[PDB]
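First, one chain by itself in C-alpha cells, the form deposited without the partner chain.
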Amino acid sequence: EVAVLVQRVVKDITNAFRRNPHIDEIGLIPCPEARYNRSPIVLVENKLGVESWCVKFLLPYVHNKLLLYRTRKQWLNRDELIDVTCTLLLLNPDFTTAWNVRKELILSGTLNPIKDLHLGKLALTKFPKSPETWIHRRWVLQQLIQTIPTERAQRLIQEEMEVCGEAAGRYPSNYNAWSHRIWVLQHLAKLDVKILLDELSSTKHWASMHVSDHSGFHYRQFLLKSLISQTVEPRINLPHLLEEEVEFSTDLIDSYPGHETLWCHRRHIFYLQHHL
C-alpha cells in the first residue's frame, strides 16, 4: 500500500504550492509514527512541514522513479516530471541529476525558470549550505540573461541579495552563499558602482552582528576591491571608504576582542590602502 500512500504525498506537496504561493520555508516534523488519515504534509501559515515517518518511504520512491526515467525504464509526463523533481529536491537538493532534468525542462520551454528560483529558495531554508542548489541557480540566472542593467535585472539582483543573506544567517560563515552573492555582482550587476555602494551599506549592520564571519567580511573586501577597479565626484571617496572600513573594524575589535576574522579583515584593508 506504499505505492498509493507515497504517490499521494507528491500531490499534497504540489497542492500546497497552488493554494499557497507565499511559502516561506520548509522543515522536518518529529513523527515516529503516522496518524489516521492525515497527510504528513502539514502547513501552518507560510511554513511547510513534513512528518519524518514518511521520509524513509517518500524519498526512495521518488528517487528510483527519476532514475527509471533517466534510464528510459519508465516514462513520465512532463507534469509528472515537475512534480517528482520538486518533492525530490525538497528532500535532497544535492541530487545533481534531478536538477539537470529541470534544466532540460526549462530549456525545452516546458518549465518556467521562475519556479526553479522559487524551488531553490525553499531548499536553502533547510539546506542553506547545499552546493548544488547554488550551482543550479547560477545556470537559471544565466538563462534569464540572453552601462546600467535593466529594471528586470535589478529586480532579480535584489532578490539574490536577500536569499544569500538569509542563507548566510542560517549557517555560520556560509562560503557557498557569499560566493554566489559575489558571482551575482560579477555577472548580473556587472560590478555596478551604485549596487556596490548600496551593498556596502546594507551589510554594515549585519557584519557588526556576525563578527566571526570571515565570508561576510570578505564580501566587504570584494565590494571595496571592485570599487577600486571600477574607478579605473562619487568616485572621489576611495580613501574615504577605506578609512571608514578600518574605523568600523577597529570599533569592533575594541568592542569584541579575540576574533581573528576582524583582524584578518583589517589586515586586508591595510593591503588595499598601501596598494592604491
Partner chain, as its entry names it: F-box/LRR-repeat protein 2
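Residue numbers count along the first chain shown, from 1.
Another form exists, deposited with the partner chain bound; not displayed. Remarks below refer to it.
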*Listed residue (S201, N112, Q158, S108) with a non-hydrogen atom within 4.5 angstroms of the partner chain in the deposited complex*: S108
*Classify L241 as contacting or not contacting the partner chain in the deposited complex by the rule of any non-hydrogen atom within 4.5 angstroms, answering yes or no.*
no
*Taking the shortest heavy atom distance, is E151 within 4.5 Å of the partner chain in the deposited complex?*
no
*asked:* Although the partner isn't part of this model, could you tell me whether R78 comes within 4.5 Å of the partner chain in the deposited complex, counting any heavy atom of the residue?
replied: yes
*Should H22 be counted as a contact of the partner chain in the deposited complex, where contact means heavy atoms within 4.5 Å?*
no
*Counting only non-hydrogen atoms and a 4.5 Å cut-off, give the residues of 30 to 57 close to the partner chain in the deposited complex.*
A34, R35, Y36, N37, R38, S39, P40, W53
